[PDB]
Each structure stands twice: as C-alpha cells, then as structure tokens.
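Below: the structure, in structure tokens.
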Amino acid sequence: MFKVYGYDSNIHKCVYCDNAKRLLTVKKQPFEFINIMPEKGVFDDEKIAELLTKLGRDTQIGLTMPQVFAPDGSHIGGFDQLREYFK
C-alpha cells in the first residue's frame, strides 16, 4: 500500500491524484491516500511533522504534492518519479 501525500477533496486541487490513482490500480497494487489539509485552508500538523522527519533530516525544499511513500520502506516520490518505482 503506497502512501500518497496530497489532497483528496474540494479544499485543494490535485491532477496527479487522478492518474497516480489509476496508475497503481492498473499495475495491480493497493495504496492509501493521505490529506495534508483537513481544513478549508489548514494543513495537518500531525502528518506534516512526521512528513519532514520521514523525508530525512533537512527542510522542505519546495515540497510539492502529491508525495508518495513506500508501503513499508521510504519516500518514493511523486507521479512520474513513482512511475519509475512501478516501471
């Protein structure tokens, strides 16, 4: 189950979510979504905090969404970056 760090609602846009979703489904792999903005304009301090630590030990260099994560490993990347993970 891949973890997608992005937005799944009317509180935020998301293009890669549409393709990335069918992407994993097409390859025949399960996954789970995660919204980093559970409010009309407020990110999730809980996930955001763990997100940074999950990334590494630096800062968010223009961190964009959606950001996927290994179902049981480490950060994989976005859509295209992940497509490489799926080959």
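Since every read-out is calculated from the coordinates, none of them should be taken as a lab result. A quick note on method: Cβ atoms are made from the backbone with ideal geometry, for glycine too, and the neighbour counts reach across all protein chains shown.
Relative contact order of segment 1-58: 38 percent, from C-alpha pairs under 8 Å at least 6 residues apart in sequence. Give, as a single signed number, the net charge of other residues whose beta carbon lies under 14 Å from the beta carbon of residue 37, with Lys and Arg counted +1 and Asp and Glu -1. Cβ neighbours under 14 Å give a net charge of -2.
May I ask you to compute the full-extension gain from residue 46 to residue 63, defined as 0.36 nm times their residue separation minus their alpha-carbon distance, rounded to one decimal in nm? Don't skip to the end; give the middle numbers.
On the way: separation 17, 0.36 × 17 = 6.12 nm, distance 1.66 nm.
4.5 nm is the gain from fully extending residue 46 to residue 63.
Annotation: the residues 57, 83, 22, sorted from fewest to most other C-beta atoms within 10 Å of their own C-beta, follow the order 57, 22, 83. The HN-Hα couplings worked out from phi for segment 12-28 by the Karplus form 6.51 cos²θ - 1.76 cosθ + 1.60 (θ = phi - 60°) are 5, 7, 4, 8, 4, 4, 4, 5, 3, 4, 5, 4, 5, 4, 5, 5, 6 Hz, whole numbers, x standing for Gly and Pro. Over the chain, all Cα pairs binned in 5 Å intervals from 0 give whole-percent P(r) values of 3, 14, 27, 26, 18, 10, 2, 0, listed from short to long.
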